[PDB]
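Asks: Structure incoming, see below.
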Ligand SMILES: [Ca+2]
C-alpha cells in the first residue's frame with residue numbers, strides 16, 4: 001500500500017542516475033543497504049516520496065565511501081549487507097530521521113514494516129516466519145544470516161522500532177538479511193570510518 005509521504009523517514013533512495021536500491025539511515029552520516037546493491041557513483045536521497053518529482057523535503061548527498069561486508073557472497077547472498085557513508089551529514093528533521101539498530105534479534109510472528117519503491121513509497125506489514133517455514137520454502141539456500149517474512153531491494157524491514165532486516169532476495173516469502181547478526185560489525189565499521 002501507499003505509505004504516505006515521509007511516513008518512513010529513515011527510508012532512503014540510492015540513485016546513480018535512477019533509483020537502483022533502497023537503504024536505511026542509521027545516523028546522520030551512515031546508511032545501511034544490501035551488498036548486492038553495490039555500484040559506483042551513489043547519491044543518497046533522503047526525505048523522498050515521489051522519486052520523480054522534487055516535492056520540497058529532499059536532501060541529496062553524495063556517498064563518500066561504500067563498505068561491502070567482508071564475507072559477502074554474491075552467489076548465495078550470504079552476508080548481504082553494506083554500509084554507505086554520506087559526504088556531508090544529513091540535516092535531521094521529522095521527515096529525515098534515523099532508525100535504531102537492534103540490540104537483540106526479533107522472534108517469529110513479530111510484525112514488521114517493509115518499505116520501498118507507482119513512484120511513491122510503498123509499504124507492507126508482514127510477520128517474521130518460522131525458521132522451518134523459511135527454510136522449507138527455499139531448501140538448501142537459507143543461512144543463519146537470513147530470515148523470511150510474509151504470508152527494489154536494500155530497503156528496511158523494521159520491527160518494534162529496530163532495523164531487523166534488509167530486503168535481500170526471494171521469488172514464496174521474501175528473504176531478508178538478519179541485521180541483528182551484524183550489529184557489532186556495523187558499529188565498529190562506522191566508528192572506524
Ligand atoms: Ca522527490
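Asks: What whole number of Å gives the distance from the Cα centroid of the stretch 75-95 to the Cα centroid of the stretch 112-178?
Replies: Taking the Cα centre of each part, the stretch 112-178 and the stretch 75-95 sit 17 Å apart.
Asks: Can you tell me the length gained on complete extension of the stretch residue 76 to residue 43, counting 0.36 nm per residue apart and subtracting the Cα distance? List each step's numbers first, then the result.
Replies: Numbers: separation 33, 0.36 × 33 = 11.88 nm, distance 2.69 nm.
Between residue 76 and residue 43, full extension yields an extra 9.2 nm.
Asks: When ranked by the protection proxy of mean other Cβ atoms within 10 Å per residue, highest first, what sequence do the peptides 180-187, 118-125, 76-83 form? Walk me through the numbers before you get to the answer.
Replies: Working: 180-187: 15.6, 118-125: 14.1, 76-83: 21.9.
Descending packing order for the listed peptides: 76-83, 180-187, 118-125.
Asks: If r is the Cβ-Cβ distance from residue 2 to residue 27 and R0 is 30 Å, what FRET efficiency results, to the nearest 0.05?
Replies: On the way: r = 28 Å, r/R0 = 0.92.
The computed FRET efficiency comes out at 0.60.
Asks: Could you sort the peptides 156-169, 30-43 by per-residue average Cβ neighbour count (10 Å cutoff), highest mean leading?
Replies: Details: 156-169: 22.8, 30-43: 20.5.
My ranking of the peptides, most packed first, is 156-169, 30-43.
Asks: Another question about this same structure. For the chain, what is one quarter of the convex hull surface built on the Cα atoms, given in nm²? All intermediate terms of the calculation are to be shown ahead of the outcome.
Replies: On the way: hull surface 40.6 nm².
In nm², the orientation-averaged hull projection of the chain is 10.1.
Asks: Still on this model: Starting from the 7 Å offset along Cα-to-Cβ, what nm value, one decimal, do you get for the label separation of residue 171 and residue 88?
Replies: Placing both labels 7 Å beyond Cα along the Cβ direction yields 4.7 nm.
Asks: Next up: From Cα pairs below 8 angstrom and at least 6 apart in sequence, can you work out the relative contact order of the stretch 1-67, rounded to a whole percent? Please list the in-between numbers first.
Replies: On the way: 95 pairs, mean separation 20.4, N = 67.
Value for the stretch 1-67: 30 percent.
Asks: Which distance in nm do the two modelled labels at residue 100 and residue 64 give, with both placed 7 Å along the Cα-to-Cβ direction?
Replies: In this crude spin-label approximation the distance works out to 2.7 nm.
Here, each number is a calculation from the coordinates, and none is a lab measurement. We place every Cβ from the backbone using ideal geometry, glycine too, and count neighbours over all the protein chains shown.
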